[PDB]
Amino acid sequence: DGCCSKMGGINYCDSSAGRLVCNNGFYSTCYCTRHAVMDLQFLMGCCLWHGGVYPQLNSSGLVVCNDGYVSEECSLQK
Amino acid sequence: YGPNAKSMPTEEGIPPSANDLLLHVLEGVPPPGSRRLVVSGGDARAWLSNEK
Amino acid sequence: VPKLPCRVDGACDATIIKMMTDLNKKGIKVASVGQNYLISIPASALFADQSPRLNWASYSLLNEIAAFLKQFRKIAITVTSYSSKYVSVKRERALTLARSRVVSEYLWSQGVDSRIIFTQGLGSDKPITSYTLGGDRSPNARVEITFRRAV
Amino acid sequence: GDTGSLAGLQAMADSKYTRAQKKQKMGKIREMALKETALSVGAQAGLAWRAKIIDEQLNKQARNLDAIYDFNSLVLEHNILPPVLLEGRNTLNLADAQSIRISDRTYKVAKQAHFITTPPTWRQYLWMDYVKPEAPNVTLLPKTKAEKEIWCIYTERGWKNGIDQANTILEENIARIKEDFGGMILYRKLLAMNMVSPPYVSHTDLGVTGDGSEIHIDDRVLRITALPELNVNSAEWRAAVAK
């Protein structure tokens, strides 16, 4: 997990742009906070682009999102 | 005034303008009585108040 | 931590400093100031004599350029071409413009995530050395790429 | 057997079939339960794995998808989602005897046009939901190699069925987004054809208003008064030609 390797080491983590600063004056490659310009191109969880998971307690295998659409792709079949 | 109240507050056409909470969330004040949320991957802050 | 990637993908600053040191000792000028970066290529190692054609061995150098270019997060890259006076004004202007078009098209065909690629040439109007004895061997005949690393 | 079934019954008359059938009966009432368990676990694994593969594949060609599915060009001038139209040809219904109804073409309004705030992309139509399941929770276990191999082959069948189920899910989604895009294209075609009234939007705008504590400088009210609908005055129908 060497972020400033072949550098002067780690100076501190900037909180604005969320990047480490090495001891030489370069913005390092690593992140240093969760609020960063950081690309995400893949997601998990069901009911995506919908109302999310409805909080009901269904004994049946169907789970229906909060927009009312049923996610059979996550709902287990008979 | 009689024993019965009366008013005509219909205003059938005019939509509501905007919520006042937009200004507080613009300045960064969290809306009162709400709770925070978790945002990760960008540069943003968020809240949830009245399931909105 | 398994859900959130720890860094920008395919990145190692040790590889960055090592390959830029190898580039600098190989002969390509690399300049760093602020967050901006400028890379200069002399033309004799890349093209032919007064020619907008691609030598075959130069593809390895272009691949090295692309590998270093992949390691940064960009918005706009600019390509400028420069030459020495040979015949005319528009002759070397067209030579610079065509060389810039060639290198820009191959760079876009290789995998760099630019949003903007700008290309232009200027001919022989912006010299860096008043010593002008060589022709295409002269070091002022060149191609520059400029960009700014952002966040 | 029962093919040359006189000889099949004569083979059934032999006693070795009896001592094979009597031991096979207790297995017959037993082993069938594990098959559905194998089917279920293969179905779950295949469905999830094929879903991850197809989501990765969908992410691979993302730029061409936005290239083809430009909602944003299709929007009208007051940020109006275009309405949806359905066209059918050569309609025949047989109600009962002595009853036949014939239509040449027909058109149907599916979704009436309305206001919009942002152009919808394809991701609310074409993304497959993924979750990671990590719990093979099976009560049953094999005992012999026969149980193990029938478990293997029914696992294979369940795996293939899960793959097919995910592909069918994709087919249903792509049909839905196809009909939505085609309906919008047909709206543009018919509006050029001059068979449909355009949307009509009125507006009023008032100046400064409010109390001494709240002001809005310019307050514009915009409201759509005429929903787009087809006309029946057939004489005003525009033609078409080509060269």
# chains A, B, ... in the order shown; residues from 1 in each chain; ligands from 1
$ select_by_dssp --residues "stretch 9-129 of chain C" --states "alpha helix (DSSP H)" --output "PyMOL selection string"
chain C and resi 13-26+58-70+90-109
$ write_last_selection --atoms "C-alpha atoms" --output "PDB file, in the first residue's frame"
ATOM      1  CA  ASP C  13       3.917   6.731  -9.068  1.00  0.00           C
ATOM      2  CA  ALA C  14       7.086   4.628  -8.984  1.00  0.00           C
ATOM      3  CA  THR C  15       6.318   3.493 -12.518  1.00  0.00           C
ATOM      4  CA  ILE C  16       5.560   7.129 -13.379  1.00  0.00           C
ATOM      5  CA  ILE C  17       8.919   8.467 -12.181  1.00  0.00           C
ATOM      6  CA  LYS C  18      10.809   5.492 -13.632  1.00  0.00           C
ATOM      7  CA  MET C  19       9.341   5.765 -17.102  1.00  0.00           C
ATOM      8  CA  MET C  20       9.707   9.532 -17.214  1.00  0.00           C
ATOM      9  CA  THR C  21      13.363   9.147 -16.206  1.00  0.00           C
ATOM     10  CA  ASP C  22      13.827   6.592 -18.981  1.00  0.00           C
ATOM     11  CA  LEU C  23      12.110   8.921 -21.453  1.00  0.00           C
ATOM     12  CA  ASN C  24      14.281  11.855 -20.406  1.00  0.00           C
ATOM     13  CA  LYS C  25      17.501   9.899 -20.753  1.00  0.00           C
ATOM     14  CA  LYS C  26      16.307   8.408 -24.034  1.00  0.00           C
ATOM     15  CA  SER C  58       8.750   5.163 -34.330  1.00  0.00           C
ATOM     16  CA  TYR C  59       5.672   3.125 -33.370  1.00  0.00           C
ATOM     17  CA  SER C  60       7.498   1.862 -30.275  1.00  0.00           C
ATOM     18  CA  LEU C  61       8.156   5.443 -29.174  1.00  0.00           C
ATOM     19  CA  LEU C  62       4.518   6.290 -29.844  1.00  0.00           C
ATOM     20  CA  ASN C  63       3.467   3.331 -27.697  1.00  0.00           C
ATOM     21  CA  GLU C  64       5.721   4.575 -24.895  1.00  0.00           C
ATOM     22  CA  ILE C  65       4.124   8.016 -25.240  1.00  0.00           C
ATOM     23  CA  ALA C  66       0.683   6.412 -25.009  1.00  0.00           C
ATOM     24  CA  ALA C  67       1.681   4.372 -21.948  1.00  0.00           C
ATOM     25  CA  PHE C  68       2.830   7.490 -20.142  1.00  0.00           C
ATOM     26  CA  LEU C  69      -0.240   9.375 -21.323  1.00  0.00           C
ATOM     27  CA  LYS C  70      -2.549   6.703 -19.890  1.00  0.00           C
ATOM     28  CA  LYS C  90       2.166  27.141 -46.600  1.00  0.00           C
ATOM     29  CA  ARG C  91       4.357  24.168 -47.543  1.00  0.00           C
ATOM     30  CA  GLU C  92       5.738  23.773 -44.043  1.00  0.00           C
ATOM     31  CA  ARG C  93       2.379  24.883 -42.641  1.00  0.00           C
ATOM     32  CA  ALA C  94       0.753  21.926 -44.386  1.00  0.00           C
ATOM     33  CA  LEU C  95       3.616  19.664 -43.307  1.00  0.00           C
ATOM     34  CA  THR C  96       3.115  20.639 -39.667  1.00  0.00           C
ATOM     35  CA  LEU C  97      -0.665  20.319 -39.925  1.00  0.00           C
ATOM     36  CA  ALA C  98      -0.519  16.876 -41.527  1.00  0.00           C
ATOM     37  CA  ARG C  99       2.030  15.578 -39.018  1.00  0.00           C
ATOM     38  CA  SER C 100      -0.174  16.830 -36.186  1.00  0.00           C
ATOM     39  CA  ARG C 101      -3.195  15.121 -37.755  1.00  0.00           C
ATOM     40  CA  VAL C 102      -1.278  11.843 -38.035  1.00  0.00           C
ATOM     41  CA  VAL C 103      -0.059  11.797 -34.462  1.00  0.00           C
ATOM     42  CA  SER C 104      -3.446  12.932 -33.119  1.00  0.00           C
ATOM     43  CA  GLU C 105      -5.339  10.238 -34.996  1.00  0.00           C
ATOM     44  CA  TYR C 106      -3.019   7.455 -33.882  1.00  0.00           C
ATOM     45  CA  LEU C 107      -3.105   8.760 -30.317  1.00  0.00           C
ATOM     46  CA  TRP C 108      -6.905   8.738 -30.299  1.00  0.00           C
ATOM     47  CA  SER C 109      -6.880   5.257 -31.821  1.00  0.00           C
TER      48      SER C 109
END
$ residues_around --residues "stretch 34-51 of chain D" --least-positions-apart "5" --cutoff "10 Å" --atoms "only C-alpha atoms" --output "PDB file with N, CA, C and O atoms, in the first residue's frame"
ATOM      1  N   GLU A  73     -35.597 -10.518 -11.201  1.00  0.00           N
ATOM      2  CA  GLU A  73     -34.199 -10.889 -11.378  1.00  0.00           C
ATOM      3  C   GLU A  73     -33.489 -11.083 -10.045  1.00  0.00           C
ATOM      4  O   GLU A  73     -32.517 -11.839  -9.970  1.00  0.00           O
ATOM      5  N   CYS A  74     -33.946 -10.410  -8.992  1.00  0.00           N
ATOM      6  CA  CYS A  74     -33.478 -10.703  -7.649  1.00  0.00           C
ATOM      7  C   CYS A  74     -34.442 -11.587  -6.878  1.00  0.00           C
ATOM      8  O   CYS A  74     -34.020 -12.261  -5.933  1.00  0.00           O
ATOM      9  N   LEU A  76     -36.407 -14.733  -5.898  1.00  0.00           N
ATOM     10  CA  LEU A  76     -36.160 -16.147  -6.129  1.00  0.00           C
ATOM     11  C   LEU A  76     -37.415 -16.830  -6.652  1.00  0.00           C
ATOM     12  O   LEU A  76     -38.534 -16.524  -6.232  1.00  0.00           O
ATOM     13  N   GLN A  77     -37.219 -17.754  -7.580  1.00  0.00           N
ATOM     14  CA  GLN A  77     -38.304 -18.396  -8.298  1.00  0.00           C
ATOM     15  C   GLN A  77     -38.805 -19.625  -7.554  1.00  0.00           C
ATOM     16  O   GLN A  77     -38.141 -20.165  -6.669  1.00  0.00           O
ATOM     17  N   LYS A  78     -40.000 -20.061  -7.935  1.00  0.00           N
ATOM     18  CA  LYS A  78     -40.573 -21.294  -7.427  1.00  0.00           C
ATOM     19  C   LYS A  78     -40.001 -22.479  -8.192  1.00  0.00           C
ATOM     20  O   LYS A  78     -39.553 -23.456  -7.596  1.00  0.00           O
TER      21      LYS A  78
ATOM     22  N   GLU D  56     -21.756  -6.667 -17.498  1.00  0.00           N
ATOM     23  CA  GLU D  56     -20.425  -6.301 -17.975  1.00  0.00           C
ATOM     24  C   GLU D  56     -20.432  -6.040 -19.473  1.00  0.00           C
ATOM     25  O   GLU D  56     -19.848  -5.055 -19.952  1.00  0.00           O
ATOM     26  N   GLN D  57     -21.130  -6.895 -20.216  1.00  0.00           N
ATOM     27  CA  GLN D  57     -21.215  -6.733 -21.656  1.00  0.00           C
ATOM     28  C   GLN D  57     -21.967  -5.464 -22.027  1.00  0.00           C
ATOM     29  O   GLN D  57     -21.599  -4.779 -22.987  1.00  0.00           O
ATOM     30  N   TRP D 127     -30.645  -1.794 -17.833  1.00  0.00           N
ATOM     31  CA  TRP D 127     -29.729  -2.311 -16.833  1.00  0.00           C
ATOM     32  C   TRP D 127     -30.316  -3.544 -16.179  1.00  0.00           C
ATOM     33  O   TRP D 127     -31.500  -3.575 -15.839  1.00  0.00           O
ATOM     34  N   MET D 128     -29.494  -4.564 -16.005  1.00  0.00           N
ATOM     35  CA  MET D 128     -29.898  -5.731 -15.248  1.00  0.00           C
ATOM     36  C   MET D 128     -29.467  -5.549 -13.802  1.00  0.00           C
ATOM     37  O   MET D 128     -28.323  -5.178 -13.535  1.00  0.00           O
ATOM     38  N   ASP D 129     -30.380  -5.802 -12.873  1.00  0.00           N
ATOM     39  CA  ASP D 129     -30.026  -5.724 -11.465  1.00  0.00           C
ATOM     40  C   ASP D 129     -29.151  -6.904 -11.090  1.00  0.00           C
ATOM     41  O   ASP D 129     -29.443  -8.046 -11.453  1.00  0.00           O
ATOM     42  N   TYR D 130     -28.078  -6.633 -10.362  1.00  0.00           N
ATOM     43  CA  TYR D 130     -27.200  -7.676  -9.869  1.00  0.00           C
ATOM     44  C   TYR D 130     -27.136  -7.622  -8.354  1.00  0.00           C
ATOM     45  O   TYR D 130     -27.101  -6.543  -7.759  1.00  0.00           O
ATOM     46  N   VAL D 131     -27.113  -8.800  -7.743  1.00  0.00           N
ATOM     47  CA  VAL D 131     -26.718  -8.958  -6.356  1.00  0.00           C
ATOM     48  C   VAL D 131     -25.729 -10.112  -6.333  1.00  0.00           C
ATOM     49  O   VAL D 131     -25.655 -10.912  -7.267  1.00  0.00           O
ATOM     50  N   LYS D 132     -24.931 -10.165  -5.279  1.00  0.00           N
ATOM     51  CA  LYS D 132     -24.027 -11.283  -5.094  1.00  0.00           C
ATOM     52  C   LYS D 132     -24.633 -12.213  -4.056  1.00  0.00           C
ATOM     53  O   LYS D 132     -24.774 -11.813  -2.894  1.00  0.00           O
ATOM     54  N   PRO D 133     -25.042 -13.424  -4.425  1.00  0.00           N
ATOM     55  CA  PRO D 133     -25.397 -14.431  -3.421  1.00  0.00           C
ATOM     56  C   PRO D 133     -24.209 -15.320  -3.098  1.00  0.00           C
ATOM     57  O   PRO D 133     -23.461 -15.754  -3.976  1.00  0.00           O
ATOM     58  N   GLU D 134     -24.023 -15.583  -1.804  1.00  0.00           N
ATOM     59  CA  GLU D 134     -22.881 -16.363  -1.340  1.00  0.00           C
ATOM     60  C   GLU D 134     -23.300 -17.444  -0.354  1.00  0.00           C
ATOM     61  O   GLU D 134     -22.500 -17.866   0.484  1.00  0.00           O
ATOM     62  N   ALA D 135     -24.542 -17.909  -0.427  1.00  0.00           N
ATOM     63  CA  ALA D 135     -25.064 -18.854   0.555  1.00  0.00           C
ATOM     64  C   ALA D 135     -25.683 -20.067  -0.125  1.00  0.00           C
ATOM     65  O   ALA D 135     -26.898 -20.110  -0.352  1.00  0.00           O
ATOM     66  N   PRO D 136     -24.880 -21.074  -0.465  1.00  0.00           N
ATOM     67  CA  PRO D 136     -25.468 -22.363  -0.839  1.00  0.00           C
ATOM     68  C   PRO D 136     -25.994 -23.056   0.400  1.00  0.00           C
ATOM     69  O   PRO D 136     -25.221 -23.626   1.172  1.00  0.00           O
ATOM     70  N   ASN D 137     -27.307 -23.020   0.599  1.00  0.00           N
ATOM     71  CA  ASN D 137     -27.929 -23.525   1.817  1.00  0.00           C
ATOM     72  C   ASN D 137     -28.775 -24.730   1.437  1.00  0.00           C
ATOM     73  O   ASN D 137     -29.977 -24.611   1.191  1.00  0.00           O
ATOM     74  N   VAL D 138     -28.142 -25.898   1.404  1.00  0.00           N
ATOM     75  CA  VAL D 138     -28.781 -27.135   0.983  1.00  0.00           C
ATOM     76  C   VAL D 138     -28.830 -28.079   2.170  1.00  0.00           C
ATOM     77  O   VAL D 138     -27.804 -28.341   2.805  1.00  0.00           O
ATOM     78  N   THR D 139     -30.022 -28.587   2.469  1.00  0.00           N
ATOM     79  CA  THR D 139     -30.137 -29.606   3.502  1.00  0.00           C
ATOM     80  C   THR D 139     -29.610 -30.946   3.009  1.00  0.00           C
ATOM     81  O   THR D 139     -28.916 -31.658   3.744  1.00  0.00           O
ATOM     82  N   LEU D 140     -29.921 -31.296   1.767  1.00  0.00           N
ATOM     83  CA  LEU D 140     -29.627 -32.619   1.243  1.00  0.00           C
ATOM     84  C   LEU D 140     -28.160 -32.764   0.872  1.00  0.00           C
ATOM     85  O   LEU D 140     -27.483 -31.796   0.522  1.00  0.00           O
ATOM     86  N   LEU D 141     -27.671 -33.993   0.978  1.00  0.00           N
ATOM     87  CA  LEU D 141     -26.313 -34.357   0.617  1.00  0.00           C
ATOM     88  C   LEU D 141     -26.339 -35.689  -0.113  1.00  0.00           C
ATOM     89  O   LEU D 141     -27.224 -36.515   0.137  1.00  0.00           O
ATOM     90  N   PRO D 142     -25.396 -35.926  -1.020  1.00  0.00           N
ATOM     91  CA  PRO D 142     -25.290 -37.251  -1.631  1.00  0.00           C
ATOM     92  C   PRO D 142     -24.699 -38.260  -0.662  1.00  0.00           C
ATOM     93  O   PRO D 142     -24.127 -37.915   0.375  1.00  0.00           O
ATOM     94  N   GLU D 147     -25.572 -40.789  -6.604  1.00  0.00           N
ATOM     95  CA  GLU D 147     -26.198 -39.568  -6.114  1.00  0.00           C
ATOM     96  C   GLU D 147     -25.370 -38.353  -6.492  1.00  0.00           C
ATOM     97  O   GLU D 147     -25.918 -37.326  -6.909  1.00  0.00           O
ATOM     98  N   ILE D 150     -25.820 -37.750 -10.389  1.00  0.00           N
ATOM     99  CA  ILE D 150     -27.121 -37.219 -10.774  1.00  0.00           C
ATOM    100  C   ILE D 150     -27.275 -35.805 -10.238  1.00  0.00           C
ATOM    101  O   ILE D 150     -27.891 -34.948 -10.891  1.00  0.00           O
ATOM    102  N   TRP D 151     -26.647 -35.524  -9.093  1.00  0.00           N
ATOM    103  CA  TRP D 151     -26.570 -34.169  -8.580  1.00  0.00           C
ATOM    104  C   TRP D 151     -25.809 -33.270  -9.539  1.00  0.00           C
ATOM    105  O   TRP D 151     -26.233 -32.140  -9.807  1.00  0.00           O
ATOM    106  N   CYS D 152     -24.723 -33.792 -10.115  1.00  0.00           N
ATOM    107  CA  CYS D 152     -23.934 -33.036 -11.083  1.00  0.00           C
ATOM    108  C   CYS D 152     -24.740 -32.709 -12.334  1.00  0.00           C
ATOM    109  O   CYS D 152     -24.764 -31.558 -12.788  1.00  0.00           O
ATOM    110  N   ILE D 153     -25.430 -33.705 -12.892  1.00  0.00           N
ATOM    111  CA  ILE D 153     -26.106 -33.467 -14.164  1.00  0.00           C
ATOM    112  C   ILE D 153     -27.333 -32.579 -13.974  1.00  0.00           C
ATOM    113  O   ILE D 153     -27.639 -31.732 -14.832  1.00  0.00           O
ATOM    114  N   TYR D 154     -28.016 -32.694 -12.838  1.00  0.00           N
ATOM    115  CA  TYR D 154     -29.154 -31.817 -12.633  1.00  0.00           C
ATOM    116  C   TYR D 154     -28.711 -30.416 -12.261  1.00  0.00           C
ATOM    117  O   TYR D 154     -29.409 -29.446 -12.583  1.00  0.00           O
ATOM    118  N   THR D 155     -27.528 -30.292 -11.655  1.00  0.00           N
ATOM    119  CA  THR D 155     -26.908 -28.986 -11.495  1.00  0.00           C
ATOM    120  C   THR D 155     -26.620 -28.351 -12.845  1.00  0.00           C
ATOM    121  O   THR D 155     -26.825 -27.144 -13.025  1.00  0.00           O
ATOM    122  N   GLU D 156     -26.152 -29.152 -13.806  1.00  0.00           N
ATOM    123  CA  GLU D 156     -25.881 -28.630 -15.144  1.00  0.00           C
ATOM    124  C   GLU D 156     -27.153 -28.145 -15.822  1.00  0.00           C
ATOM    125  O   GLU D 156     -27.167 -27.074 -16.452  1.00  0.00           O
ATOM    126  N   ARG D 157     -28.233 -28.915 -15.686  1.00  0.00           N
ATOM    127  CA  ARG D 157     -29.501 -28.509 -16.281  1.00  0.00           C
ATOM    128  C   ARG D 157     -30.036 -27.233 -15.642  1.00  0.00           C
ATOM    129  O   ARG D 157     -30.522 -26.336 -16.345  1.00  0.00           O
ATOM    130  N   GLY D 158     -29.920 -27.119 -14.318  1.00  0.00           N
ATOM    131  CA  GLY D 158     -30.353 -25.902 -13.652  1.00  0.00           C
ATOM    132  C   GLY D 158     -29.517 -24.697 -14.032  1.00  0.00           C
ATOM    133  O   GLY D 158     -30.038 -23.585 -14.170  1.00  0.00           O
ATOM    134  N   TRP D 159     -28.213 -24.909 -14.221  1.00  0.00           N
ATOM    135  CA  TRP D 159     -27.313 -23.845 -14.649  1.00  0.00           C
ATOM    136  C   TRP D 159     -27.715 -23.311 -16.021  1.00  0.00           C
ATOM    137  O   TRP D 159     -27.851 -22.090 -16.217  1.00  0.00           O
ATOM    138  N   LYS D 160     -28.003 -24.224 -16.953  1.00  0.00           N
ATOM    139  CA  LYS D 160     -28.435 -23.806 -18.284  1.00  0.00           C
ATOM    140  C   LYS D 160     -29.786 -23.104 -18.245  1.00  0.00           C
ATOM    141  O   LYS D 160     -29.999 -22.119 -18.966  1.00  0.00           O
ATOM    142  N   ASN D 161     -30.699 -23.584 -17.400  1.00  0.00           N
ATOM    143  CA  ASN D 161     -32.018 -22.967 -17.322  1.00  0.00           C
ATOM    144  C   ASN D 161     -31.947 -21.562 -16.746  1.00  0.00           C
ATOM    145  O   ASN D 161     -32.686 -20.670 -17.182  1.00  0.00           O
ATOM    146  N   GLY D 162     -31.052 -21.345 -15.781  1.00  0.00           N
ATOM    147  CA  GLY D 162     -30.843 -20.001 -15.271  1.00  0.00           C
ATOM    148  C   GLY D 162     -30.291 -19.059 -16.323  1.00  0.00           C
ATOM    149  O   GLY D 162     -30.702 -17.890 -16.402  1.00  0.00           O
ATOM    150  N   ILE D 163     -29.374 -19.563 -17.159  1.00  0.00           N
ATOM    151  CA  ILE D 163     -28.845 -18.763 -18.267  1.00  0.00           C
ATOM    152  C   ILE D 163     -29.963 -18.364 -19.221  1.00  0.00           C
ATOM    153  O   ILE D 163     -30.083 -17.193 -19.627  1.00  0.00           O
ATOM    154  N   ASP D 164     -30.817 -19.330 -19.560  1.00  0.00           N
ATOM    155  CA  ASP D 164     -31.904 -19.064 -20.492  1.00  0.00           C
ATOM    156  C   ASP D 164     -32.906 -18.080 -19.913  1.00  0.00           C
ATOM    157  O   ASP D 164     -33.428 -17.218 -20.635  1.00  0.00           O
ATOM    158  N   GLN D 165     -33.153 -18.178 -18.607  1.00  0.00           N
ATOM    159  CA  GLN D 165     -34.078 -17.268 -17.950  1.00  0.00           C
ATOM    160  C   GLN D 165     -33.567 -15.836 -17.989  1.00  0.00           C
ATOM    161  O   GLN D 165     -34.333 -14.906 -18.289  1.00  0.00           O
ATOM    162  N   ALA D 166     -32.270 -15.646 -17.733  1.00  0.00           N
ATOM    163  CA  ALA D 166     -31.700 -14.303 -17.793  1.00  0.00           C
ATOM    164  C   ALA D 166     -31.761 -13.731 -19.204  1.00  0.00           C
ATOM    165  O   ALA D 166     -32.053 -12.536 -19.390  1.00  0.00           O
ATOM    166  N   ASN D 167     -31.508 -14.574 -20.210  1.00  0.00           N
ATOM    167  CA  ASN D 167     -31.587 -14.107 -21.592  1.00  0.00           C
ATOM    168  C   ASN D 167     -33.007 -13.693 -21.961  1.00  0.00           C
ATOM    169  O   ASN D 167     -33.209 -12.695 -22.668  1.00  0.00           O
ATOM    170  N   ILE D 169     -35.190 -12.498 -19.858  1.00  0.00           N
ATOM    171  CA  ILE D 169     -35.400 -11.220 -19.173  1.00  0.00           C
ATOM    172  C   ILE D 169     -34.863 -10.067 -20.011  1.00  0.00           C
ATOM    173  O   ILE D 169     -35.530  -9.025 -20.182  1.00  0.00           O
ATOM    174  N   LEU D 170     -33.668 -10.260 -20.579  1.00  0.00           N
ATOM    175  CA  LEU D 170     -33.089  -9.260 -21.471  1.00  0.00           C
ATOM    176  C   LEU D 170     -33.971  -9.015 -22.688  1.00  0.00           C
ATOM    177  O   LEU D 170     -34.182  -7.859 -23.088  1.00  0.00           O
TER     178      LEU D 170
END
$ closest_atom_pairs --of "chain C" --to "chain B" --cutoff "12 Å" --atoms "only C-alpha atoms" --output "JSON lines"
{"residue": "C:1", "atom": "CA", "partner": "B:40", "partner_atom": "CA", "distance": 11.7}
{"residue": "C:3", "atom": "CA", "partner": "B:40", "partner_atom": "CA", "distance": 10.7}
{"residue": "C:4", "atom": "CA", "partner": "B:41", "partner_atom": "CA", "distance": 8.2}
{"residue": "C:5", "atom": "CA", "partner": "B:41", "partner_atom": "CA", "distance": 9.7}
{"residue": "C:6", "atom": "CA", "partner": "B:41", "partner_atom": "CA", "distance": 11.2}
{"residue": "C:7", "atom": "CA", "partner": "B:41", "partner_atom": "CA", "distance": 11.5}
{"residue": "C:8", "atom": "CA", "partner": "B:41", "partner_atom": "CA", "distance": 11.8}
{"residue": "C:151", "atom": "CA", "partner": "B:43", "partner_atom": "CA", "distance": 12.0}
$ write_last_selection --atoms "N, CA and C atoms" --output "short mmCIF file (atom, residue, chain, number, x, y, z; two decimals), in the first residue's frame"
data_model
loop_
_atom_site.label_atom_id
_atom_site.label_comp_id
_atom_site.auth_asym_id
_atom_site.auth_seq_id
_atom_site.Cartn_x
_atom_site.Cartn_y
_atom_site.Cartn_z
N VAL C 1 -14.01 -0.70 1.32
CA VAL C 1 -12.67 -0.93 0.78
C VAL C 1 -12.64 -1.98 -0.36
N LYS C 3 -15.50 -2.52 -1.89
CA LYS C 3 -16.49 -1.85 -2.72
C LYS C 3 -15.94 -0.59 -3.37
N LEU C 4 -15.11 0.16 -2.64
CA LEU C 4 -14.58 1.41 -3.14
C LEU C 4 -13.16 1.18 -3.61
N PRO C 5 -12.84 1.44 -4.88
CA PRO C 5 -11.45 1.33 -5.34
C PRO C 5 -10.54 2.31 -4.62
N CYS C 6 -9.34 1.85 -4.30
CA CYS C 6 -8.43 2.63 -3.48
C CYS C 6 -7.79 3.78 -4.25
N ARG C 7 -7.68 3.67 -5.57
CA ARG C 7 -7.03 4.70 -6.36
C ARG C 7 -7.62 4.72 -7.76
N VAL C 8 -7.14 5.65 -8.57
CA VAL C 8 -7.41 5.62 -10.00
C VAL C 8 -6.72 4.40 -10.59
N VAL C 151 -6.89 17.19 -10.68
CA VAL C 151 -7.52 16.58 -9.51
C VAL C 151 -7.37 15.06 -9.43
#
$ closest_residue --among "A:59, A:71, A:5, A:16" --to "residue A:33" --atoms "only C-alpha atoms"
A:16
$ closest_residue --among "C:55, C:35, C:130, C:50" --to "residue C:74" --atoms "only C-alpha atoms"
C:35
$ residues_around --residues "residue A:11" --least-positions-apart "4" --cutoff "6 Å" --atoms "only C-alpha atoms" --output "JSON list (two decimals) with C-alpha atoms, in the first residue's frame"
[["chain", "number", "residue", "atom", "x", "y", "z"],
["A", 21, "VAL", "CA", 0.44, 14.97, -1.28],
["A", 22, "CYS", "CA", 3.87, 13.39, -1.40],
["A", 23, "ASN", "CA", 6.93, 14.99, 0.14]]
$ interface_residues --of "chain D" --to "chain B" --cutoff "12 Å" --atoms "only C-alpha atoms" --output "mmCIF file with C-alpha atoms, in the first residue's frame"
data_model
loop_
_atom_site.group_PDB
_atom_site.id
_atom_site.type_symbol
_atom_site.label_atom_id
_atom_site.label_comp_id
_atom_site.auth_asym_id
_atom_site.auth_seq_id
_atom_site.Cartn_x
_atom_site.Cartn_y
_atom_site.Cartn_z
ATOM 1 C CA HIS D 203 -48.504 31.027 -20.048
ATOM 2 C CA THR D 204 -49.018 34.006 -17.823
ATOM 3 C CA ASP D 205 -46.218 35.856 -16.112
ATOM 4 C CA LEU D 206 -46.566 38.242 -13.204
ATOM 5 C CA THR D 209 -45.314 39.658 -5.820
ATOM 6 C CA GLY D 210 -45.314 38.488 -2.223
ATOM 7 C CA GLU D 214 -40.952 36.919 0.800
ATOM 8 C CA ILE D 215 -40.443 38.165 -2.730
ATOM 9 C CA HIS D 216 -40.096 36.642 -6.156
ATOM 10 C CA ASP D 218 -40.424 37.491 -11.859
ATOM 11 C CA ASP D 219 -43.003 34.715 -11.451
ATOM 12 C CA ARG D 220 -43.965 32.847 -14.625
ATOM 13 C CA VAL D 221 -46.791 30.299 -14.707
ATOM 14 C CA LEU D 222 -46.753 27.858 -17.617
ATOM 15 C CA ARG D 223 -49.590 25.437 -18.298
ATOM 16 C CA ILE D 224 -50.409 23.086 -21.155
#
$ atom_distance --atom1 "atom CA of residue C:150" --atom2 "atom CA of residue C:39"
17.0 Å
$ interface_residues --of "chain B" --to "chain A" --cutoff "12 Å" --atoms "only C-alpha atoms" --output "CSV table (one decimal) with C-alpha atoms, in the first residue's frame"
chain,number,residue,atom,x,y,z
B,38,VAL,CA,-23.9,8.8,3.0
B,39,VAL,CA,-22.4,9.9,-0.3
B,40,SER,CA,-19.3,8.4,-1.8
B,41,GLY,CA,-17.7,8.7,-5.2
B,42,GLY,CA,-18.2,12.4,-6.1
B,43,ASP,CA,-18.3,15.8,-4.3
B,44,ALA,CA,-21.7,16.1,-2.9
B,45,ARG,CA,-23.7,16.3,0.4
B,51,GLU,CA,-38.8,10.7,2.5
B,52,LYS,CA,-37.7,13.3,-0.1
$ select_by_dssp --residues "chain B" --states "strand (DSSP E)" --output "PyMOL selection string"
chain B and resi 35-36+47-48
$ atom_distance --atom1 "atom CA of residue D:202" --atom2 "atom CA of residue D:229"
17.2 Å
$ closest_atom_pairs --of "chain A" --to "chain C" --cutoff "6 Å" --atoms "only C-alpha atoms" --output "tab-separated table"
residue	atom	partner	partner_atom	distance
A:5	CA	C:14	CA	5.8
A:6	CA	C:14	CA	5.2
A:30	CA	C:7	CA	4.5
A:31	CA	C:7	CA	5.2
$ write_last_selection --atoms "N, CA, C and O atoms" --output "compact mmCIF listing (two decimals), in the first residue's frame"
# COMPACT_ATOMS: atom_id res chain seq x y z
N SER A 5 5.59 5.80 -3.02
CA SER A 5 6.80 5.02 -3.22
C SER A 5 7.64 5.64 -4.33
O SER A 5 7.11 6.24 -5.27
N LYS A 6 8.96 5.49 -4.20
CA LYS A 6 9.97 6.19 -5.01
C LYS A 6 9.76 7.70 -4.96
O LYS A 6 9.99 8.42 -5.93
N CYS A 30 -2.97 7.93 -5.27
CA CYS A 30 -3.93 7.34 -4.35
C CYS A 30 -5.01 8.34 -3.95
O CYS A 30 -4.85 9.55 -4.04
N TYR A 31 -6.14 7.79 -3.50
CA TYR A 31 -7.17 8.57 -2.85
C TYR A 31 -6.84 8.76 -1.38
O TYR A 31 -6.02 8.04 -0.81
